[PDB]
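**Student:** Sharing a structure here in structure tokens format.
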Ligand code: NI
């Protein structure tokens with residue numbers, strides 16, 4: 001079972017600033033990582049697939065990068081609607097697994 | 001993204017002595033490392049390619065060695081014109097990346 | 001048209017069909033097995049092709065029994081198909097040589 | 001029946017026999033060698049098939065001398081057998097073409 | 001000269017052309033994909049050869065879609081070319097045997 | 001004896017010769033290259049065989065230019081030789097079928 005480590009758990013940033021969420025896999029998994037956003041009382045939302053690919057309907061400020069065991073979800077000019085929980089998920093080996101999540105805080 | 005770790009950042013040596021710069025990759029990359037020299041206000045200069053291969057026009061005192069994750073750039077009888085910044089670069093996996101550099105000091 | 005040609009096409013149609021079924025079946029068989037990689041269709045399709053051609057990159061391979069069974073079918077179809085083409089090329093070459101030799 | 005067909009079957013019977021003996025022999029030869037993986041029959045059987053077909057996944061391979069010797073026998077049987085089938089297909093295709101050409 | 005011979009040469013010229021175009025295309029397609037290794041022409045040329053021959057070492061392989069597409073073309077050209085030579089050798093061998101049998 | 005048979009033997013003698021020269025040359029070419037594994041004759045001999053047969057295990061492969069050149073020669077000899085045998089089997093099968101068909 002691939003282990004995805006998200007750290008720090010909580011992230012604090014000032015409005016407008018660029019922020020970077022981190023996800024490290026217990027083993028090389030290519031670019032088979034994906035990001036989801038979950039706001040309070042809401043369900044998960046695919047933000048980035050296969051590490052970097054963007055999803056239509058998702059603000060262009062959201063971008064991702066990395067490969068192997070290190071991945072980063074980044075967000076330019078952070079704004080209040082960006083306040084929620086982030087999670088990573090790998091599809092490299094069965095079974096799929098999730099990160100422990102990271103809370104964004106402005 | 002392969003990470004190249006150059007350490008120490010600063011190196012101090014006595015004229016004429018042999019010196020060794022170090023570069024370690026976050027993963028095995030064969031011998032796909034290359035060295036560049038950059039003196040104050042000057043641009044980078046290819047010193048050694050594919051770890052050991054010498055470059056015409058480059059003082060014979062410059063040699064390199066290593067493979068996999070450990071590489072060393074060496075310089076015999078160091079002299080004042082050798083005072084500048086060193087950097088390593090890997091071409092094993094996309095994208096190419098650079099070391100954080102090492103400053104030579106006599 | 002002639003027989004060996006018809007059989008070559010037949011080999012190609014079937015090969016494509018086996019590669020596709022091959023991808024579906026591989027995934028269905030591999031998911032559920034901890035540590036397995038043959039678990040998404042796109043790459044499973046690419047694994048199929050590698051296998052049929054026997055180019056064997058080694059970046060993907062089954063680890064479960066049905067997966068390997070599926071694998072065998074793909075390997076044989078690949079080998080058989082490419083071999084049947086080689087024979088088709090030989091027959092064509094033998095026939096023409098007969099003509100060119102006024103036989 | 002005809003000869004090449006009979007020989008194809010013969011090739012298949014033998015191939016199966018060599019794959020099985022191949023699995024047994026591989027294990028007998030590999031166990032005892034520190035670091036070896038070809039040490040349980042089920043996978044050794046799957047290693048055999050990979051080898052005969054030359055699909056070469058690289059997830060399993062011998063490391064001892066007899067293991068490699070056994071390996072060679074399997075590779076040759078695999079290559080020979082599949083090649084003998086290709087020839088069988090060519091002969092069949094050549095013969096029919098003779099008929100269809102009223103020769 | 002004869003047809004199968006001419007076709008063999010043709011196969012060799014094309015194979016070389018596909019290996020070269022293969023190297024260029026592989027690099028063009030792989031650069032830009034994080035973690036990719038098929039990113040310098042020299043090795044991409046060597047990857048091509050491995051692939052065409054299906055010797056599959058597994059030290060280099062594409063990871064992007066066009067890369068794999070390119071890969072398929074190389075594999076097929078390799079398999080087809082080497083198979084067309086095998087047929088060429090068969091035709092030559094069949095023709096001579098006809099002579100030696102005073103047919 | 002006949003021609004294709006004689007040529008098959010010839011293919012086998014040469015193949016063995018190329019495998020041996022192949023081992024020597026591989027080592028001579030690989031030693032000196034940091035990180036290389038094709039550096040002792042015994043395994044280099046086993047690497048040769050893998051290569052000629054294209055079974056490609058991926059446990060050993062060249063990393064220097066001459067090593068890869070040597071590798072190519074081995075791959076081609078392996079492919080050519082095994083292909084020339086396949087043709088030999090086809091000719092034999094075609095000739096007998098002619099007899100059995102009272103032609
Ligand atoms: Ni006749």
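Indices start at 1 and increase along the chain as displayed.
For all residues, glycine too, the Cβ spot is worked out from N, Cα and C.
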**Student:** In Swiss-Prot, which of E:30-40, E:41-51 is tagged intramembrane segment?
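**Tutor:** Range annotated as intramembrane segment by Swiss-Prot: E:41-51.
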**Student:** DSSP on the topological domain 'Extracellular' (E:60-66): how many residues come out helix, how many strand, how many coil?
**Tutor:** 2 helix, 0 strand, 5 coil
**Student:** When you scan the chain for residues with a C-beta under 8 Å from the topological domain 'Extracellular' (E:30-40), skipping those not six or more beyond its ends, what do you find?
**Tutor:** 47, 60-64, 67
